[PDB]
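> Input: one structure, supplied below.
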There are 2 protein chains.
Amino acid sequence: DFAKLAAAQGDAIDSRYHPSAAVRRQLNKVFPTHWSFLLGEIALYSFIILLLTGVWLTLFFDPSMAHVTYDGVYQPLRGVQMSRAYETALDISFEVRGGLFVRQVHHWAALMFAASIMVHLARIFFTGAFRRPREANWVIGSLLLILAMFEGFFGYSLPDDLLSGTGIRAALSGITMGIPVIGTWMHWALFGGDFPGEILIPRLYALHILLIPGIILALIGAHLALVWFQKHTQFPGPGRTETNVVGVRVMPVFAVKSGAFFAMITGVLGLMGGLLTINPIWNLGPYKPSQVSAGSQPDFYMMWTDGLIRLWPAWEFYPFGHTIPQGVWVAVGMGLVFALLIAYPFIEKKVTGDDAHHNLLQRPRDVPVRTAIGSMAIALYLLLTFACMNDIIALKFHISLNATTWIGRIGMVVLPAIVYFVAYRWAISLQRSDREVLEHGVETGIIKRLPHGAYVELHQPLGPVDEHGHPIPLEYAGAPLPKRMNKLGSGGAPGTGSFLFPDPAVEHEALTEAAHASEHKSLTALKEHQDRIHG
Amino acid sequence: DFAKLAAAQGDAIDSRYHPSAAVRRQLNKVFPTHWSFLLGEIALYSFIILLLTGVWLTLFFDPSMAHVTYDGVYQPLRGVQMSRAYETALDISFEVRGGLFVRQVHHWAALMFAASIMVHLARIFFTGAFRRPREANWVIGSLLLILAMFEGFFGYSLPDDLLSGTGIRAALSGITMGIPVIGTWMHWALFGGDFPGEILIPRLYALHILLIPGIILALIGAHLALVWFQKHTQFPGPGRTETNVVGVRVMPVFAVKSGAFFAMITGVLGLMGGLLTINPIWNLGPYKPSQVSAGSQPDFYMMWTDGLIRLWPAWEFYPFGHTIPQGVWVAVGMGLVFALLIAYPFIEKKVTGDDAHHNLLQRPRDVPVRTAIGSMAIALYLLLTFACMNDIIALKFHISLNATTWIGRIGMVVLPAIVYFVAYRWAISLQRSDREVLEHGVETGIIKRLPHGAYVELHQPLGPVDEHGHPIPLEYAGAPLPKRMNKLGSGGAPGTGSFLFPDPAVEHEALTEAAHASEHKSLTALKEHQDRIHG
Ligand SMILES: CC(C)=CCC/C(C)=C/CC/C(C)=C/CC/C(C)=C/CC/C(C)=C/CC/C(C)=C/CC/C(C)=C/CC/C(C)=C/CC/C(C)=C/CC1=C(C)C(=O)c2ccccc2C1=O
Ligand SMILES: CCCCCCCCCCCCCCCC(=O)O[C@H](COC(=O)CCCCCCC[C@@H](C)CCCCCCCCC)COP(=O)(O)O[C@H]1[C@H](O)[C@H](O)[C@H](O)[C@@H](O)[C@@H]1O
Ligand code: HEM
Ligand code: HEM
Ligand SMILES: CCc1nc2ccc(Cl)cn2c1C(=O)NCc1ccc(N2CCC(c3ccc(OC(F)(F)F)cc3)CC2)cc1
Ligand SMILES: CCc1nc2ccc(Cl)cn2c1C(=O)NCc1ccc(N2CCC(c3ccc(OC(F)(F)F)cc3)CC2)cc1
């Protein structure tokens, strides 16, 4: 008797505890159903996978630089001195069943975590979800993104590897040593000595499995709590206002689709972990200060750092008996970058002056200046990222390495300007397309007028029609407009039988007029709610 | 202008957010001011300290069994092969400023965590705090205690050491490989091979810095959430009923005193970490399977297990080609212990039949059977714990080791019975003391009656007095009774000047009158609240 058991357990829970009010309150919470709002979920989902994979990896990884001979299965590295960390990474790849798969999906999940964070940040930036109600969210999210990047760096740096080892040498050692006042001191504190210090990998392990994931989890808890209680923002629409959330309640619909999206994201990550090779460390011998590779890139989320190193023209300064290495520059760069990312909503509200409680999102086209700024930032990020890959780009695409370096050098100043101009004009053009469709209506096939040979596109008004042919123009309300009759109720009733065979005409009828009635009732209900809001 | 700044920040928070209702509700929550209710806080506080210390130790500890010669500062262990984990523990003790202090306070905080969990469990059990609402909090609390014991085990087992190494060898290896069906399989999965397997310490590190701490943190969060939202239970008293909480609000008083208690507990822990030496691993040579010492004990929270093994009469069984080693027994016994701990409240409500929603605690004396059971359990635990020390007890207190073993063996059945009988009769005698105080009143000095030589105690009634001398007997109400005229308004007006010099008689008179009136106002408020509640 499962129904009776469920009732009894509910009564026990509500008799010991009293969550009925609270449980109902969240089960009834409405979440907007825009696809873009799922972007952030991806990151969360990816994050979860990382945790689930990370713990597994912790059961088989020994962080240390204790030199050891492999003496393991992988023949091409036998008797070769390697840190215990590299030996255990090799053991996970080869010695433990599924270990290659587990660490592969872990690294793919790290990459997806980074990429989905970037996509979510772009979404919220261009849609203006960071305004008055939710700057703090932005801020923590920015911090969150930063942490992710660094943890990723500490992730592929954990298995002491030639690629990851040279990445540590460049970034941590060189840049930290370059910092003027305390740079050498910070370097000696982080490594407990010079670069090959014997307490680096254990410290990175502690930072990467315990500290940074814990901080990220706390910040994600804060993020999701704010989004939950600062109820999600929404795009402008028919019944959508600054004082309501139009969508689907949590329990019936939103929870099911969120869980299904987590399942499908996990499936994508598993398929990648199987079919795609990520960080094949065995090909990468154990780290040695002398051995090198030509590629020598970090994961894509630090490629912008590496490209900024490459493109910055070797500018150093030499004070009284002191050196300020060019590496210093990148540190300042990151500062500014982060200092501008974390603080952006406050600069936006200081310049624009928008200090109002904004709950309705803004289409990126409706904010040409911010859309242009974000496109410029994305262009600079892409330029830096590809500059980090200028070695490989030159190798595969035959372009001289100096030519690629100088293309990046001139680009980091020119390409942002061109992209800003183009994005500004593009946003204004999208606005004008919206205005044109409002004032004329959707476009269709051409007809030749009866008496003469006039050719007219035979538009479709979206609103009331004037006494004559042309309609009354509608007022833009910040919502997307249909540029294709395709997406209206035109030519959209295929036979509902099957792909191969039909269903009886009575069944097809029943179904099609039922769907027509349902969608008309949806439209009518939204319109009636809209009118009831004001009227 | 700190007032203006605070007002502006509050307005900004309440404009971006709307927590005024929630903030007020959590600021007004009432928590009873009984000392025993702070006991659990100790554990939480100590837990926090562990985290704060644990992180510090993760920046300096290298888990591994990579054999290395010390070649460090500690001369007595130089050129001796040992694990990198032991080398880094020694470096923390000697090579890191304050590292010895930090790890000593970490171990002392682990011991205080265990002891305070154990005392808090004693409080909850004897007071019936687990009885209906809060039965789950007992289960989740009992699972915190088990996790804490295992966490401490993996902690002092973490720095590969002679004492901790032999502890691992005994418990984790022998008991695990003694289990009939899967003992060897579990042993090989845990160690990745035979006992000294090269993956043990890194896996224990993963379990001890992240996994088990994470589970404990989540369970503690659930525990505190339940206590917070299942309003904390209270002892019976004047204005206290099943349907209220009498005490102090959170912010002005409870929060300040809780913070001060956290400060005082961390001060005690720091004082212990400095003045008291805990786990001098440098004296404990690096673990070698052929080496062992006489002591060979685990931390107190696990000693009972060892004690059990010492006192269990070497009973084995030999099925067809197989053997169940006597070690198995302790595991089974351990199971039983936890099996009887996690599932106690349900056994209590099955035997007594008492499933009512109890928000008022009950004094241990008021429940003689449960008090006797708890005393019996504590007696068995103490017997086992001291049996685990029978080596040291025999050494210092000259008793033949065989005599101590057999004393423990006979005791683990006799002493619980004697303690049960004594505690039952003691609880009933305490009840009778309370009943006679109610019937007759408090006791005082003796007087010889005027006409004859009668000597009378000169009692002092607590309630209405009958027409003649003797008072109407009061009915027990589940609250402590005053057994000393000490603790009433008797002989309690010392000089308020100072310890050395007086204050002017006017100031003393004003102060004492004000305190006297304040006590009347408090008692009167409680009395009117009582009368309004009942009538
Ligand atoms: C700092 C900086 C960016 C300097 C300049 C370097 C740079 C990016 C130069 C451009 C590279 C190109 C496009 C070379 C083709 C020749 C060329 C320049 C033609 C004129 C360009 C032009 C405007 C043409 C008009 C039409 C048009 C837009 C054509 C673009 C053609 C292309 C390549 C489109 C796709 C863009 C693309 C995927 C570029 C490569 C990006 C990267 C980093 C790929 C990395 C990558 C590599 C390197 C692998 O080897 C590989 C092997 C197996 C599986 C996967 C991969 C993989 O993903
Ligand atoms: C998203 C990325 C978009 C690109 C952004 C940046 C746009 C700004 C472009 C700036 C162009 C600057 C070109 C100058 C560069 C420079 O200064 O270097 C020269 C080499 O000139 C060249 O090649 C001309 C190259 C010009 C091509 C730029 C074309 C634009 C492409 C990249 C756009 C496609 C983007 C597609 C992106 C895909 C989508 C992204 C998501 C000489 O080098 P070198 O080789 O050493 O020659 C030695 C002598 O020196 C020496 O004397 C002589 O003696 C010899 O020894 C000789 O060897
Ligand atoms: C939270 C975001 C996280 C990110 C972005 C991240 C990223 C990464 C990446 C990219 C690697 C490289 C793996 C390889 O190349 O083989 C790695 C390694 C590793 N990660 Fe993380 N990780 C995260 C969380 C965690 C957590 C929570 C744990 C532990 C519970 C963990 C444990 C490990 C371990 C042990 C390794 C080394 C094992 C190996 O390389 O095979 N990670 N991490
Ligand atoms: C949650 C309850 C915890 C308990 C009961 C506990 C207990 C212990 C104990 C008794 C030791 C022995 C240390 C010694 O004798 O020198 C230890 C070692 C250690 N603990 Fe924990 N611990 C806890 C949590 C943590 C946490 C949260 C971390 C990290 C954030 C941590 C990190 C460490 C490290 C790295 C060591 C080895 C360092 C050394 O011994 O030199 N512990 N633990
Ligand atoms: C260098 C580029 C690169 N080339 C290669 C080649 C091959 C491979 Cl495989 C990888 N790469 C990479 C690479 O991956 N780079 C990632 C990276 C870069 C810098 C930092 N930095 C943290 C802060 C430090 C800092 C700054 C300010 C401080 O002051 C404060 F904050 F106030 F305390 C303190 C510390 C500088 C180093 C991290 C990761
Ligand atoms: C042995 C005594 C001792 N002598 C010395 C001498 C010197 C020193 Cl320094 C310390 N000692 C100690 C010592 O500290 N003992 C602590 C101890 C005891 C047992 C276990 N066991 C948990 C369950 C495992 C188990 C069993 C069944 C399971 O089945 C399930 F639950 F269903 F999955 C799962 C796990 C076996 C090990 C741990 C620590």
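Letters A, B, ... go to the chains of the structure tokens in the order shown; residues in each chain start at 1; ligands are counted from 1 in the same order.
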At a cut-off of 6 Å, list the chain A residues touching chain B, using only C-alpha atoms, as a PDB file with N, CA, C and O atoms, in the first residue's frame.


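Final output, saved to part-v2.pdb:
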ATOM      1  N   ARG A  16       6.434  15.794  13.370  1.00  0.00           N
ATOM      2  CA  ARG A  16       7.712  15.981  14.088  1.00  0.00           C
ATOM      3  C   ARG A  16       8.125  17.368  13.655  1.00  0.00           C
ATOM      4  O   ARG A  16       8.222  18.215  14.531  1.00  0.00           O
ATOM      5  N   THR A  58      40.395  11.187  -5.516  1.00  0.00           N
ATOM      6  CA  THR A  58      41.142  11.315  -4.274  1.00  0.00           C
ATOM      7  C   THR A  58      41.445   9.966  -3.646  1.00  0.00           C
ATOM      8  O   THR A  58      42.351   9.875  -2.812  1.00  0.00           O
ATOM      9  N   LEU A  59      40.715   8.917  -4.023  1.00  0.00           N
ATOM     10  CA  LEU A  59      40.962   7.598  -3.458  1.00  0.00           C
ATOM     11  C   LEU A  59      42.147   6.895  -4.103  1.00  0.00           C
ATOM     12  O   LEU A  59      42.536   5.821  -3.634  1.00  0.00           O
ATOM     13  N   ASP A  62      48.154  10.125  -5.023  1.00  0.00           N
ATOM     14  CA  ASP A  62      49.115  10.427  -3.963  1.00  0.00           C
ATOM     15  C   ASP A  62      49.887  11.683  -4.339  1.00  0.00           C
ATOM     16  O   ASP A  62      50.803  11.621  -5.178  1.00  0.00           O
ATOM     17  N   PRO A 133      18.769  44.892  -8.124  1.00  0.00           N
ATOM     18  CA  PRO A 133      18.463  43.807  -7.180  1.00  0.00           C
ATOM     19  C   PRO A 133      19.597  42.815  -6.990  1.00  0.00           C
ATOM     20  O   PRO A 133      19.662  42.179  -5.933  1.00  0.00           O
ATOM     21  N   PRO A 202      51.624  18.698  -2.775  1.00  0.00           N
ATOM     22  CA  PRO A 202      50.688  18.494  -1.657  1.00  0.00           C
ATOM     23  C   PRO A 202      49.879  19.735  -1.325  1.00  0.00           C
ATOM     24  O   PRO A 202      48.684  19.638  -1.017  1.00  0.00           O
ATOM     25  N   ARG A 203      50.502  20.913  -1.388  1.00  0.00           N
ATOM     26  CA  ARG A 203      49.774  22.146  -1.115  1.00  0.00           C
ATOM     27  C   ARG A 203      48.702  22.393  -2.165  1.00  0.00           C
ATOM     28  O   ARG A 203      47.582  22.799  -1.836  1.00  0.00           O
ATOM     29  N   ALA A 206      45.814  20.089  -1.444  1.00  0.00           N
ATOM     30  CA  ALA A 206      44.964  20.619  -0.385  1.00  0.00           C
ATOM     31  C   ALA A 206      44.102  21.763  -0.900  1.00  0.00           C
ATOM     32  O   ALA A 206      42.908  21.837  -0.593  1.00  0.00           O
ATOM     33  N   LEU A 210      40.117  20.288  -1.289  1.00  0.00           N
ATOM     34  CA  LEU A 210      39.468  20.687  -0.045  1.00  0.00           C
ATOM     35  C   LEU A 210      39.157  22.176   0.008  1.00  0.00           C
ATOM     36  O   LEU A 210      37.994  22.546   0.192  1.00  0.00           O
TER      37      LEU A 210
END

> Using only C-alpha atoms and all ligand atoms, find each protein or nucleic acid residue lying at most 8 Å from ligand 4; present the set as a JSON list (two decimals) with C-alpha atoms, in the first residue's frame.


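What landed in result.json:
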[["chain", "number", "residue", "atom", "x", "y", "z"],
["A", 210, "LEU", "CA", 39.47, 20.69, -0.05],
["A", 211, "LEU", "CA", 39.94, 24.46, 0.14],
["B", 47, "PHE", "CA", 34.71, 21.24, 15.37],
["B", 50, "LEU", "CA", 39.55, 21.56, 13.98],
["B", 51, "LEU", "CA", 38.64, 22.97, 10.58],
["B", 52, "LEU", "CA", 40.66, 26.12, 11.19],
["B", 53, "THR", "CA", 43.59, 24.02, 12.37],
["B", 54, "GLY", "CA", 43.07, 21.28, 9.81],
["B", 55, "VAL", "CA", 43.37, 23.67, 6.88],
["B", 56, "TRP", "CA", 46.63, 24.98, 8.32],
["B", 57, "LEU", "CA", 47.99, 21.44, 8.51],
["B", 58, "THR", "CA", 46.97, 20.63, 4.93],
["B", 59, "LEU", "CA", 49.39, 23.29, 3.65],
["B", 60, "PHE", "CA", 52.32, 21.43, 5.24],
["B", 61, "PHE", "CA", 51.46, 17.71, 5.23],
["B", 88, "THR", "CA", 56.29, 16.18, 6.83],
["B", 89, "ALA", "CA", 54.71, 15.63, 10.24],
["B", 90, "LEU", "CA", 58.18, 16.03, 11.74],
["B", 92, "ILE", "CA", 55.47, 20.59, 10.85],
["B", 93, "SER", "CA", 56.51, 19.87, 14.43],
["B", 103, "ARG", "CA", 49.09, 20.26, 15.36],
["B", 104, "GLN", "CA", 48.98, 19.91, 19.15],
["B", 106, "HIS", "CA", 44.48, 20.21, 16.41],
["B", 107, "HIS", "CA", 44.82, 16.95, 18.34],
["B", 108, "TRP", "CA", 43.54, 18.57, 21.54],
["B", 109, "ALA", "CA", 40.57, 19.92, 19.60],
["B", 110, "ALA", "CA", 39.93, 16.43, 18.24],
["B", 111, "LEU", "CA", 39.94, 15.06, 21.78],
["B", 113, "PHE", "CA", 35.39, 17.26, 19.95],
["B", 114, "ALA", "CA", 35.06, 13.62, 20.97],
["B", 148, "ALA", "CA", 33.85, 11.84, 14.65],
["B", 149, "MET", "CA", 35.39, 8.74, 16.21],
["B", 150, "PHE", "CA", 36.42, 7.38, 12.81],
["B", 151, "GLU", "CA", 37.64, 10.84, 11.76],
["B", 152, "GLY", "CA", 39.91, 11.09, 14.78],
["B", 153, "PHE", "CA", 41.14, 7.58, 14.08],
["B", 154, "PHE", "CA", 42.06, 8.46, 10.50],
["B", 155, "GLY", "CA", 43.58, 11.69, 11.80],
["B", 156, "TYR", "CA", 46.10, 10.32, 14.26],
["B", 157, "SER", "CA", 46.47, 7.42, 11.83],
["B", 158, "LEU", "CA", 47.40, 10.01, 9.22],
["B", 159, "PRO", "CA", 51.04, 10.82, 10.11],
["B", 205, "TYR", "CA", 44.15, 11.82, 3.89],
["B", 208, "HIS", "CA", 40.13, 12.81, 6.70],
["B", 209, "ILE", "CA", 40.57, 16.29, 5.19],
["B", 210, "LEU", "CA", 37.65, 16.32, 2.75],
["B", 212, "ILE", "CA", 34.56, 12.64, 6.42],
["B", 213, "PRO", "CA", 34.87, 16.33, 7.40],
["B", 214, "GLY", "CA", 32.43, 17.11, 4.60],
["B", 216, "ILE", "CA", 30.31, 15.72, 9.35],
["B", 217, "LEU", "CA", 29.79, 19.33, 8.25],
["B", 278, "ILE", "CA", 49.87, 15.55, 22.78],
["B", 279, "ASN", "CA", 51.16, 12.88, 20.42],
["B", 280, "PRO", "CA", 54.93, 13.56, 20.38],
["B", 281, "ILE", "CA", 55.44, 11.74, 17.10],
["B", 299, "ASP", "CA", 42.84, 8.01, 21.35]]

> For atom CA of residue B:330 and atom CA of residue B:285, determine how far apart the two atoms are, in Å to one decimal place.

28.2 Å

> Could you list, as an MDAnalysis selection string, all the residues within 6 Å of ligand 6, counting only C-alpha atoms and all ligand atoms?

chainID B and resid 163:164 166:167 170:172 175:176 296:298 302 305:306 331

> What does the distance between atom CA of residue B:182 and atom CA of residue A:95 come to in Å, to one decimal place?

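A separation of 22.2 Å between them.
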
> If we count only C-alpha atoms, what is near residue B:478 at a cut-off of 8 Å, once residues fewer than 3 positions away on the same chain are taken out, given as a list in words?

residues 236, 237, 362, 363 and 366 of chain B

> Grab me every residue within 8 Å of ligand 1, counting only C-alpha atoms and all ligand atoms, and send it over as an MDAnalysis selection string.

chainID A and resid 307 311 382:390 392:399 403:409 411

> Could you give me, as an MDAnalysis selection string, each residue of stretch 13-221 of chain B that DSSP assigns to helix (DSSP H, G or I) when run on this structure's backbone?

chainID B and resid 13:16 20:28 35:58 84:95 99:127 135:156 162:178 183:191 200:221

> Find the spatial neighbours of residue A:354, counting only C-alpha atoms, within a cut-off of 12 Å - ignore same-chain residues fewer than 4 positions away - and output them as a list in words.

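So the residues in contact are residues 128, 130, 131, 132, 133, 345, 346, 347, 348, 349, 350 and 358 of chain A.
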
> How would the residues just chosen look if you wrote them out with C-alpha atoms as a short mmCIF file (atom, residue, chain, number, x, y, z; two decimals), in the first residue's frame?


data_model
loop_
_atom_site.label_atom_id
_atom_site.label_comp_id
_atom_site.auth_asym_id
_atom_site.auth_seq_id
_atom_site.Cartn_x
_atom_site.Cartn_y
_atom_site.Cartn_z
CA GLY A 128 21.45 43.00 -17.73
CA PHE A 130 23.21 42.21 -12.68
CA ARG A 131 21.30 45.45 -12.06
CA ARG A 132 20.07 46.90 -8.75
CA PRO A 133 18.46 43.81 -7.18
CA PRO A 345 27.62 46.58 -12.37
CA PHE A 346 28.76 49.48 -10.21
CA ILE A 347 30.53 51.13 -13.15
CA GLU A 348 27.37 50.56 -15.20
CA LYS A 349 25.17 52.21 -12.59
CA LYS A 350 27.66 55.05 -12.11
CA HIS A 358 15.26 46.09 -12.39
#

> With distances taken over only C-alpha atoms and all ligand atoms, which of A:355, A:467, A:439, A:87 is nearest to ligand 3?

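Looking only at the distances to ligand 3, the closest residue turns out to be A:87.
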
> State, in Å with one decimal place, the distance from atom CA of residue A:245 to atom CA of residue A:30.

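The value is 6.2 Å.
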
> Return the single residue from A:512, A:184, A:402, A:524 that is closest to ligand 2, with distances computed using only C-alpha atoms and all ligand atoms.

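Answer, going by the shortest atom-to-atom distance: A:402.
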
> Using DSSP on the backbone, list every residue of stretch 303-498 of chain A that comes out as strand (DSSP E), and give them as a ChimeraX atom specification.

/A:447-448,455-456

> Can you pull out every residue within 10 Å of residue B:431, counting only C-alpha atoms, but drop anything in the same chain fewer than 2 positions away, and send it as a PyMOL selection string?

chain B and resi 363-368+425-429+433-437+476+478

> Which residue gives the smallest distance to ligand 5 among A:11, A:71, A:391, A:316, with only C-alpha atoms and all ligand atoms counted?

A:391

> Restricting the calculation to only C-alpha atoms and all ligand atoms: of A:174, A:445, A:319, A:325, which residue gets closest to ligand 5?

A:174
